[PDB]
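What follows is the content of model-v1.cif (mmCIF, C-alpha atoms; chains and numbers go by the auth columns).
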data_structure
#
loop_
_atom_site.group_PDB
_atom_site.id
_atom_site.type_symbol
_atom_site.label_atom_id
_atom_site.label_comp_id
_atom_site.label_asym_id
_atom_site.label_seq_id
_atom_site.Cartn_x
_atom_site.Cartn_y
_atom_site.Cartn_z
_atom_site.B_iso_or_equiv
_atom_site.auth_seq_id
_atom_site.auth_asym_id
ATOM 1 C CA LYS A 1 -89.579 -7.250 185.010 0.00 1 A
ATOM 2 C CA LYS A 2 -88.393 -4.742 182.410 0.00 2 A
ATOM 3 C CA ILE A 3 -84.826 -4.426 181.081 0.00 3 A
ATOM 4 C CA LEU A 4 -83.525 -1.439 179.104 0.00 4 A
ATOM 5 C CA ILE A 5 -80.612 -2.480 176.863 0.00 5 A
ATOM 6 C CA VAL A 6 -78.461 0.435 175.788 0.00 6 A
ATOM 7 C CA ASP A 7 -76.168 -0.708 172.996 0.00 7 A
ATOM 8 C CA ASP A 8 -75.068 1.159 169.828 0.00 8 A
ATOM 9 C CA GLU A 9 -74.322 -2.039 167.922 0.00 9 A
ATOM 10 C CA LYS A 10 -77.517 -3.687 166.663 0.00 10 A
ATOM 11 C CA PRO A 11 -76.001 -7.261 166.452 0.00 11 A
ATOM 12 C CA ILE A 12 -75.150 -7.359 170.191 0.00 12 A
ATOM 13 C CA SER A 13 -78.379 -5.658 171.210 0.00 13 A
ATOM 14 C CA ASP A 14 -80.296 -8.360 169.324 0.00 14 A
ATOM 15 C CA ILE A 15 -78.402 -11.154 171.059 0.00 15 A
ATOM 16 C CA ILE A 16 -79.013 -9.712 174.507 0.00 16 A
ATOM 17 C CA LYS A 17 -82.673 -8.883 173.703 0.00 17 A
ATOM 18 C CA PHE A 18 -83.187 -12.494 172.462 0.00 18 A
ATOM 19 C CA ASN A 19 -81.722 -14.027 175.611 0.00 19 A
ATOM 20 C CA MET A 20 -83.492 -11.729 178.020 0.00 20 A
ATOM 21 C CA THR A 21 -86.800 -12.312 176.183 0.00 21 A
ATOM 22 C CA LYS A 22 -86.225 -16.075 176.344 0.00 22 A
ATOM 23 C CA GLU A 23 -86.080 -15.670 180.195 0.00 23 A
ATOM 24 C CA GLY A 24 -89.323 -13.710 180.326 0.00 24 A
ATOM 25 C CA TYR A 25 -88.244 -10.088 180.734 0.00 25 A
ATOM 26 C CA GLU A 26 -89.817 -7.295 178.745 0.00 26 A
ATOM 27 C CA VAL A 27 -87.077 -5.575 176.776 0.00 27 A
ATOM 28 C CA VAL A 28 -86.800 -2.035 175.586 0.00 28 A
ATOM 29 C CA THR A 29 -83.772 -0.875 173.559 0.00 29 A
ATOM 30 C CA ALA A 30 -81.904 2.363 173.005 0.00 30 A
ATOM 31 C CA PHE A 31 -79.004 2.907 170.627 0.00 31 A
ATOM 32 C CA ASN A 32 -77.461 6.125 171.930 0.00 32 A
ATOM 33 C CA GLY A 33 -77.204 8.142 175.129 0.00 33 A
ATOM 34 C CA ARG A 34 -80.121 10.402 174.236 0.00 34 A
ATOM 35 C CA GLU A 35 -82.461 7.482 173.532 0.00 35 A
ATOM 36 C CA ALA A 36 -81.201 5.800 176.742 0.00 36 A
ATOM 37 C CA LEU A 37 -82.219 8.742 178.916 0.00 37 A
ATOM 38 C CA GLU A 38 -85.590 9.128 177.100 0.00 38 A
ATOM 39 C CA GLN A 39 -86.333 5.417 177.456 0.00 39 A
ATOM 40 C CA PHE A 40 -85.299 5.382 181.111 0.00 40 A
ATOM 41 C CA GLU A 41 -87.706 8.273 181.892 0.00 41 A
ATOM 42 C CA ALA A 42 -90.572 6.954 179.776 0.00 42 A
ATOM 43 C CA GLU A 43 -90.293 3.220 180.541 0.00 43 A
ATOM 44 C CA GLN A 44 -88.920 3.149 184.120 0.00 44 A
ATOM 45 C CA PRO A 45 -86.935 -0.048 183.616 0.00 45 A
ATOM 46 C CA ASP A 46 -86.138 -2.287 186.605 0.00 46 A
ATOM 47 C CA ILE A 47 -82.548 -2.672 185.315 0.00 47 A
ATOM 48 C CA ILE A 48 -80.341 -1.056 182.646 0.00 48 A
ATOM 49 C CA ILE A 49 -77.621 -2.895 180.655 0.00 49 A
ATOM 50 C CA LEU A 50 -75.575 0.006 179.489 0.00 50 A
ATOM 51 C CA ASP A 51 -72.562 -0.364 177.213 0.00 51 A
ATOM 52 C CA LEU A 52 -69.821 2.330 177.546 0.00 52 A
ATOM 53 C CA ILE A 53 -74.431 10.614 175.033 0.00 53 A
ATOM 54 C CA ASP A 54 -71.433 8.389 176.324 0.00 54 A
ATOM 55 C CA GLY A 55 -72.141 5.526 178.703 0.00 55 A
ATOM 56 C CA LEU A 56 -70.368 7.002 181.741 0.00 56 A
ATOM 57 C CA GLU A 57 -72.401 10.209 181.356 0.00 57 A
ATOM 58 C CA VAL A 58 -75.712 8.329 181.025 0.00 58 A
ATOM 59 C CA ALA A 59 -75.084 6.420 184.217 0.00 59 A
ATOM 60 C CA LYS A 60 -74.066 9.664 185.919 0.00 60 A
ATOM 61 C CA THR A 61 -77.360 11.356 184.812 0.00 61 A
ATOM 62 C CA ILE A 62 -79.491 8.438 185.885 0.00 62 A
ATOM 63 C CA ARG A 63 -77.979 8.360 189.407 0.00 63 A
ATOM 64 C CA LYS A 64 -78.962 12.013 189.850 0.00 64 A
ATOM 65 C CA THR A 65 -82.619 10.872 190.006 0.00 65 A
ATOM 66 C CA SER A 66 -82.639 7.043 190.411 0.00 66 A
ATOM 67 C CA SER A 67 -81.063 4.049 192.132 0.00 67 A
ATOM 68 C CA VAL A 68 -82.139 1.675 189.279 0.00 68 A
ATOM 69 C CA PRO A 69 -79.489 -1.065 188.935 0.00 69 A
ATOM 70 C CA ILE A 70 -77.012 -0.539 186.115 0.00 70 A
ATOM 71 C CA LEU A 71 -74.894 -3.259 184.629 0.00 71 A
ATOM 72 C CA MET A 72 -72.198 -1.901 182.401 0.00 72 A
ATOM 73 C CA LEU A 73 -70.970 -3.977 179.554 0.00 73 A
ATOM 74 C CA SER A 74 -67.827 -3.096 177.618 0.00 74 A
ATOM 75 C CA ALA A 75 -64.981 -4.515 175.556 0.00 75 A
ATOM 76 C CA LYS A 76 -62.652 -2.349 177.703 0.00 76 A
ATOM 77 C CA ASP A 77 -61.376 -4.560 180.471 0.00 77 A
ATOM 78 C CA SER A 78 -58.591 -2.608 182.247 0.00 78 A
ATOM 79 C CA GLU A 79 -58.667 -1.833 186.012 0.00 79 A
ATOM 80 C CA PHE A 80 -59.126 1.866 185.307 0.00 80 A
ATOM 81 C CA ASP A 81 -62.194 1.084 183.155 0.00 81 A
ATOM 82 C CA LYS A 82 -63.895 -1.187 185.695 0.00 82 A
ATOM 83 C CA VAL A 83 -63.203 1.073 188.647 0.00 83 A
ATOM 84 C CA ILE A 84 -64.493 4.222 187.005 0.00 84 A
ATOM 85 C CA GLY A 85 -67.677 2.530 185.751 0.00 85 A
ATOM 86 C CA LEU A 86 -68.313 1.311 189.293 0.00 86 A
ATOM 87 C CA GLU A 87 -67.500 4.677 190.902 0.00 87 A
ATOM 88 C CA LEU A 88 -69.849 6.571 188.531 0.00 88 A
ATOM 89 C CA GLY A 89 -72.646 4.283 189.706 0.00 89 A
ATOM 90 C CA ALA A 90 -72.666 0.937 187.966 0.00 90 A
ATOM 91 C CA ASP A 91 -73.615 -1.959 190.155 0.00 91 A
ATOM 92 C CA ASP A 92 -71.671 -4.379 188.028 0.00 92 A
ATOM 93 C CA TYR A 93 -69.343 -4.330 185.086 0.00 93 A
ATOM 94 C CA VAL A 94 -69.066 -7.170 182.612 0.00 94 A
ATOM 95 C CA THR A 95 -66.699 -7.411 179.697 0.00 95 A
ATOM 96 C CA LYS A 96 -67.372 -8.308 176.062 0.00 96 A
ATOM 97 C CA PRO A 97 -67.313 -11.015 174.923 0.00 97 A
ATOM 98 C CA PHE A 98 -69.570 -12.371 177.672 0.00 98 A
ATOM 99 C CA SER A 99 -71.228 -15.647 178.408 0.00 99 A
ATOM 100 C CA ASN A 100 -75.001 -15.484 177.864 0.00 100 A
ATOM 101 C CA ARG A 101 -75.615 -17.563 181.085 0.00 101 A
ATOM 102 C CA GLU A 102 -73.336 -15.370 183.141 0.00 102 A
ATOM 103 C CA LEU A 103 -75.065 -12.162 181.991 0.00 103 A
ATOM 104 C CA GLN A 104 -78.417 -13.740 182.911 0.00 104 A
ATOM 105 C CA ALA A 105 -77.124 -14.764 186.314 0.00 105 A
ATOM 106 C CA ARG A 106 -75.718 -11.256 186.966 0.00 106 A
ATOM 107 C CA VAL A 107 -79.082 -9.571 185.926 0.00 107 A
ATOM 108 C CA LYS A 108 -80.931 -11.931 188.316 0.00 108 A
ATOM 109 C CA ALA A 109 -78.486 -11.196 191.172 0.00 109 A
ATOM 110 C CA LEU A 110 -78.998 -7.493 190.614 0.00 110 A
ATOM 111 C CA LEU A 111 -82.752 -7.757 190.505 0.00 111 A
ATOM 112 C CA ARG A 112 -82.769 -9.939 193.664 0.00 112 A
ATOM 113 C CA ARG A 113 -80.745 -7.335 195.478 0.00 113 A
ATOM 114 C CA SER A 114 -82.904 -4.330 194.637 0.00 114 A
ATOM 115 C CA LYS B 1 -59.967 33.589 200.914 0.00 1 B
ATOM 116 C CA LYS B 2 -58.756 30.063 201.661 0.00 2 B
ATOM 117 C CA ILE B 3 -57.302 27.618 199.112 0.00 3 B
ATOM 118 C CA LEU B 4 -56.846 23.886 199.731 0.00 4 B
ATOM 119 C CA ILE B 5 -54.034 22.498 197.549 0.00 5 B
ATOM 120 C CA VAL B 6 -54.221 18.750 197.107 0.00 6 B
ATOM 121 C CA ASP B 7 -50.959 17.536 195.607 0.00 7 B
ATOM 122 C CA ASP B 8 -48.958 14.354 196.379 0.00 8 B
ATOM 123 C CA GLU B 9 -45.680 15.844 195.176 0.00 9 B
ATOM 124 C CA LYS B 10 -44.199 18.220 197.760 0.00 10 B
ATOM 125 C CA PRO B 11 -42.119 20.268 195.193 0.00 11 B
ATOM 126 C CA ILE B 12 -45.216 21.319 193.189 0.00 12 B
ATOM 127 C CA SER B 13 -47.321 21.880 196.291 0.00 13 B
ATOM 128 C CA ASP B 14 -44.631 24.255 197.580 0.00 14 B
ATOM 129 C CA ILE B 15 -44.567 26.218 194.333 0.00 15 B
ATOM 130 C CA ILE B 16 -48.331 26.632 194.265 0.00 16 B
ATOM 131 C CA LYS B 17 -48.488 27.423 198.017 0.00 17 B
ATOM 132 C CA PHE B 18 -45.749 30.089 197.539 0.00 18 B
ATOM 133 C CA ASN B 19 -47.571 31.774 194.666 0.00 19 B
ATOM 134 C CA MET B 20 -50.986 31.675 196.262 0.00 20 B
ATOM 135 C CA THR B 21 -49.525 33.042 199.527 0.00 21 B
ATOM 136 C CA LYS B 22 -47.796 35.828 197.586 0.00 22 B
ATOM 137 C CA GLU B 23 -51.320 36.856 196.345 0.00 23 B
ATOM 138 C CA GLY B 24 -52.778 36.890 199.846 0.00 24 B
ATOM 139 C CA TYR B 25 -54.726 33.637 200.109 0.00 25 B
ATOM 140 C CA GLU B 26 -54.528 31.427 203.161 0.00 26 B
ATOM 141 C CA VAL B 27 -53.293 28.020 202.058 0.00 27 B
ATOM 142 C CA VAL B 28 -53.913 24.627 203.514 0.00 28 B
ATOM 143 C CA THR B 29 -52.325 21.508 201.974 0.00 29 B
ATOM 144 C CA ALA B 30 -53.154 17.829 201.726 0.00 30 B
ATOM 145 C CA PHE B 31 -50.981 15.134 200.185 0.00 31 B
ATOM 146 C CA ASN B 32 -53.457 12.311 199.603 0.00 32 B
ATOM 147 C CA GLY B 33 -57.170 11.761 199.073 0.00 33 B
ATOM 148 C CA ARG B 34 -57.840 11.022 202.737 0.00 34 B
ATOM 149 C CA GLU B 35 -56.127 14.208 203.926 0.00 35 B
ATOM 150 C CA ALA B 36 -57.956 16.132 201.156 0.00 36 B
ATOM 151 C CA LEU B 37 -61.380 15.074 202.413 0.00 37 B
ATOM 152 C CA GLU B 38 -60.409 15.705 206.083 0.00 38 B
ATOM 153 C CA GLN B 39 -59.039 19.151 205.243 0.00 39 B
ATOM 154 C CA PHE B 40 -62.072 20.034 203.131 0.00 40 B
ATOM 155 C CA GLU B 41 -64.433 19.165 206.035 0.00 41 B
ATOM 156 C CA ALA B 42 -62.324 20.806 208.735 0.00 42 B
ATOM 157 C CA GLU B 43 -61.170 23.932 206.864 0.00 43 B
ATOM 158 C CA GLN B 44 -64.076 24.653 204.470 0.00 44 B
ATOM 159 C CA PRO B 45 -61.862 26.069 201.729 0.00 45 B
ATOM 160 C CA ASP B 46 -63.293 28.576 199.229 0.00 46 B
ATOM 161 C CA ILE B 47 -61.535 26.694 196.388 0.00 47 B
ATOM 162 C CA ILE B 48 -59.709 23.366 195.942 0.00 48 B
ATOM 163 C CA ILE B 49 -56.758 22.799 193.551 0.00 49 B
ATOM 164 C CA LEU B 50 -56.872 19.079 193.224 0.00 50 B
ATOM 165 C CA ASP B 51 -54.338 17.096 191.216 0.00 51 B
ATOM 166 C CA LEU B 52 -55.569 13.761 189.717 0.00 52 B
ATOM 167 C CA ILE B 53 -57.919 8.429 197.606 0.00 53 B
ATOM 168 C CA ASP B 54 -57.602 9.249 193.754 0.00 54 B
ATOM 169 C CA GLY B 55 -58.393 12.747 192.533 0.00 55 B
ATOM 170 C CA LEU B 56 -61.517 11.845 190.538 0.00 56 B
ATOM 171 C CA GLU B 57 -62.969 10.116 193.615 0.00 57 B
ATOM 172 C CA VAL B 58 -62.200 13.074 195.910 0.00 58 B
ATOM 173 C CA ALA B 59 -63.985 15.474 193.612 0.00 59 B
ATOM 174 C CA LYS B 60 -66.886 13.029 193.365 0.00 60 B
ATOM 175 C CA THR B 61 -67.145 12.843 197.217 0.00 61 B
ATOM 176 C CA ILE B 62 -66.953 16.584 197.641 0.00 62 B
ATOM 177 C CA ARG B 63 -69.788 17.224 195.143 0.00 63 B
ATOM 178 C CA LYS B 64 -72.041 14.944 197.199 0.00 64 B
ATOM 179 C CA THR B 65 -72.091 17.658 199.907 0.00 65 B
ATOM 180 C CA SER B 66 -70.618 20.870 198.379 0.00 66 B
ATOM 181 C CA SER B 67 -70.486 23.140 195.339 0.00 67 B
ATOM 182 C CA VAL B 68 -67.007 24.495 196.336 0.00 68 B
ATOM 183 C CA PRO B 69 -65.067 25.287 193.133 0.00 69 B
ATOM 184 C CA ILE B 70 -62.555 22.644 192.099 0.00 70 B
ATOM 185 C CA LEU B 71 -59.697 23.254 189.741 0.00 71 B
ATOM 186 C CA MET B 72 -58.069 20.061 188.629 0.00 72 B
ATOM 187 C CA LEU B 73 -54.448 20.080 187.729 0.00 73 B
ATOM 188 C CA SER B 74 -52.791 17.162 185.957 0.00 74 B
ATOM 189 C CA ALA B 75 -49.962 16.175 183.635 0.00 75 B
ATOM 190 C CA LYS B 76 -52.572 14.128 181.704 0.00 76 B
ATOM 191 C CA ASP B 77 -53.762 16.302 178.871 0.00 77 B
ATOM 192 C CA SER B 78 -55.889 14.071 176.585 0.00 78 B
ATOM 193 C CA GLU B 79 -59.543 14.878 175.702 0.00 79 B
ATOM 194 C CA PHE B 80 -60.753 11.888 177.698 0.00 80 B
ATOM 195 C CA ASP B 81 -58.894 13.182 180.783 0.00 81 B
ATOM 196 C CA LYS B 82 -60.232 16.742 180.591 0.00 82 B
ATOM 197 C CA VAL B 83 -63.791 15.699 179.854 0.00 83 B
ATOM 198 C CA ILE B 84 -64.029 13.198 182.677 0.00 84 B
ATOM 199 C CA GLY B 85 -62.530 15.605 185.232 0.00 85 B
ATOM 200 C CA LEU B 86 -65.109 18.187 184.174 0.00 86 B
ATOM 201 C CA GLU B 87 -68.013 15.708 184.180 0.00 87 B
ATOM 202 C CA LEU B 88 -67.150 14.445 187.700 0.00 88 B
ATOM 203 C CA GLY B 89 -67.431 18.038 188.902 0.00 89 B
ATOM 204 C CA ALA B 90 -64.323 20.075 188.256 0.00 90 B
ATOM 205 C CA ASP B 91 -64.963 23.645 187.295 0.00 91 B
ATOM 206 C CA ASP B 92 -61.714 23.862 185.410 0.00 92 B
ATOM 207 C CA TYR B 93 -58.886 21.626 184.369 0.00 93 B
ATOM 208 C CA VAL B 94 -55.344 22.845 183.892 0.00 94 B
ATOM 209 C CA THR B 95 -52.396 20.832 182.702 0.00 95 B
ATOM 210 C CA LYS B 96 -48.892 20.528 184.149 0.00 96 B
ATOM 211 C CA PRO B 97 -46.601 22.238 183.472 0.00 97 B
ATOM 212 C CA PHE B 98 -48.628 25.411 184.033 0.00 98 B
ATOM 213 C CA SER B 99 -47.912 29.087 184.025 0.00 99 B
ATOM 214 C CA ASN B 100 -47.991 30.557 187.545 0.00 100 B
ATOM 215 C CA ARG B 101 -49.876 33.697 186.255 0.00 101 B
ATOM 216 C CA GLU B 102 -52.424 31.618 184.406 0.00 102 B
ATOM 217 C CA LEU B 103 -53.174 29.462 187.471 0.00 103 B
ATOM 218 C CA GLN B 104 -53.641 32.660 189.502 0.00 104 B
ATOM 219 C CA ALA B 105 -55.949 34.114 186.883 0.00 105 B
ATOM 220 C CA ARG B 106 -58.015 30.887 186.741 0.00 106 B
ATOM 221 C CA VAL B 107 -58.337 30.765 190.629 0.00 107 B
ATOM 222 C CA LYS B 108 -59.521 34.412 190.582 0.00 108 B
ATOM 223 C CA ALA B 109 -62.048 33.712 187.790 0.00 109 B
ATOM 224 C CA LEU B 110 -63.396 30.797 189.784 0.00 110 B
ATOM 225 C CA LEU B 111 -63.647 32.761 192.986 0.00 111 B
ATOM 226 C CA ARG B 112 -65.354 35.674 191.160 0.00 112 B
ATOM 227 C CA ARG B 113 -67.920 33.300 189.765 0.00 113 B
ATOM 228 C CA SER B 114 -68.895 31.625 193.027 0.00 114 B
#
Represent the structure of the file as structure tokens.
Amino acid sequence: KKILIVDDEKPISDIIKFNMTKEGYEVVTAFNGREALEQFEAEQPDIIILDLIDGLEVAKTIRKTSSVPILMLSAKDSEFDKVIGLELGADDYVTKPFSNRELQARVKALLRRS
Amino acid sequence: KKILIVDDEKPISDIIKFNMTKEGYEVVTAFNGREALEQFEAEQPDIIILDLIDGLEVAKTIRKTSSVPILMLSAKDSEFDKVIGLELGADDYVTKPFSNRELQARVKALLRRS
């Protein structure tokens, strides 16, 4: 399975890439909205981890063409934030800082379900 | 032409209904998200004035089936607010308090354009 990680901070991208690789996924990365949409089109990931082009707008664009699972990750943890991510098409929304095991379990649940 | 005004505050609804009637539109009203979606389906308005079911979610639902012009109105005036209204499908976004003539001019521009 192939995961696209969309994160503008290289430290957190590396941690998630490390942990997903350790589980046996193939990982592609993108560091802005433009690279995210290019990578999504060119790589056809099975799942996108897509921090908050602007994260809400990426997920909006993707859902125009694709039902690929999207897991949003964000330091923003208010009800407004979670609800709007989910309404714009996220399948799940996880806050930073996150537990590495929990993120892995949530990626697996999403993959199982699609 | 028929305008659907979606406003949960009866005082402001009445002012907008008054002014739109004075110009010769037929006005239907709705006071929550559920009534908005029912009225949109049953009345097929030519334009919706749709204050911020939750305004962003209404406009999202509408755009699933329809390209009817939507003018969002809101006391929230930050960049985030305007941008997200527009990205979720609004054609225009006007802040409260508004000028009655300006709202009329913006409804006309929208109608002209669709």
Could the residues of chain A that have an atom at most 9 Å from chain B be listed as a tab-separated table, each with its closest atom pair and the distance in Å to one decimal, counting only C-alpha atoms and ordered by chain and ascending residue number?
residue	atom	partner	partner_atom	distance
A:56	CA	B:84	CA	8.9
A:57	CA	B:87	CA	7.6
A:60	CA	B:88	CA	8.6
A:84	CA	B:56	CA	8.9
A:87	CA	B:57	CA	7.6
A:88	CA	B:88	CA	8.4
Just say which residues the PyMOL selection byres ((chain A and resi 67) around 10) picks in this file, as a PyMOL selection string. chain A and resi 46-47+62-66+68-70+89-91+114
Give me the residues near region 30-41 of chain B as a ChimeraX atom specification, where near means some atom within 6 Å (using only C-alpha atoms) and where sequence neighbours in that chain fewer than 5 positions away do not count. /B:6-8,53-54
Once the PyMOL selection byres ((chain A and resi 99-106) around 10) is applied to the coordinates I shared, what remains selected? I want it as a PDB file with C-alpha atoms, keeping the file's coordinate frame.
ATOM      1  CA  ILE A  15     -78.402 -11.154 171.059  1.00  0.00           C
ATOM      2  CA  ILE A  16     -79.013  -9.712 174.507  1.00  0.00           C
ATOM      3  CA  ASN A  19     -81.722 -14.027 175.611  1.00  0.00           C
ATOM      4  CA  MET A  20     -83.492 -11.729 178.020  1.00  0.00           C
ATOM      5  CA  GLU A  23     -86.080 -15.670 180.195  1.00  0.00           C
ATOM      6  CA  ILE A  49     -77.621  -2.895 180.655  1.00  0.00           C
ATOM      7  CA  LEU A  71     -74.894  -3.259 184.629  1.00  0.00           C
ATOM      8  CA  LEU A  73     -70.970  -3.977 179.554  1.00  0.00           C
ATOM      9  CA  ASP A  92     -71.671  -4.379 188.028  1.00  0.00           C
ATOM     10  CA  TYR A  93     -69.343  -4.330 185.086  1.00  0.00           C
ATOM     11  CA  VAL A  94     -69.066  -7.170 182.612  1.00  0.00           C
ATOM     12  CA  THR A  95     -66.699  -7.411 179.697  1.00  0.00           C
ATOM     13  CA  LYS A  96     -67.372  -8.308 176.062  1.00  0.00           C
ATOM     14  CA  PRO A  97     -67.313 -11.015 174.923  1.00  0.00           C
ATOM     15  CA  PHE A  98     -69.570 -12.371 177.672  1.00  0.00           C
ATOM     16  CA  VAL A 107     -79.082  -9.571 185.926  1.00  0.00           C
ATOM     17  CA  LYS A 108     -80.931 -11.931 188.316  1.00  0.00           C
ATOM     18  CA  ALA A 109     -78.486 -11.196 191.172  1.00  0.00           C
ATOM     19  CA  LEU A 110     -78.998  -7.493 190.614  1.00  0.00           C
ATOM     20  CA  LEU A 111     -82.752  -7.757 190.505  1.00  0.00           C
ATOM     21  CA  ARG A 112     -82.769  -9.939 193.664  1.00  0.00           C
TER      22      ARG A 112
END
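Taking only C-alpha atoms into account, residue 75 (chain B) lies nearest to B:52 out of the set B:5, B:42, B:52, B:59.
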Which residue is closest to residue 1 (chain B)? Choose from B:43, B:83, B:78, B:51 and count only C-alpha atoms.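 Checking each candidate against residue 1 (chain B), we get B:43 as the closest.
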Provide the CA of residue 2 (chain A) to CA of residue 27 (chain A) distance in Å, to one decimal place.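 So the answer is 5.8 Å.
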Distance criterion (all atoms listed in the file): nearest to residue 26 (chain A) out of A:45, A:11, A:85, A:55: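 Between A:45, A:11, A:85, A:55, the residue approaching residue 26 (chain A) most closely is A:45.
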Computed interatomic separation between CA of residue 4 (chain B) and CA of residue 29 (chain B) (Å):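 CA of residue 29 (chain B) lies at a distance of 5.6 Å from CA of residue 4 (chain B).
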Which distance in Å separates CA of residue 22 (chain B) and CA of residue 82 (chain B), to one decimal?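 Distance between the two atoms: 28.4 Å.
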Kindly list the centre and edge lengths in Å, rounded to one decimal, for the axis-aligned box that covers all listed atoms of region 81-92 of chain B plus 6 Å on each of its six sides, as JSON.
{"center_x": -63.5, "center_y": 18.5, "center_z": 184.4, "size_x": 21.1, "size_y": 22.7, "size_z": 21.0}
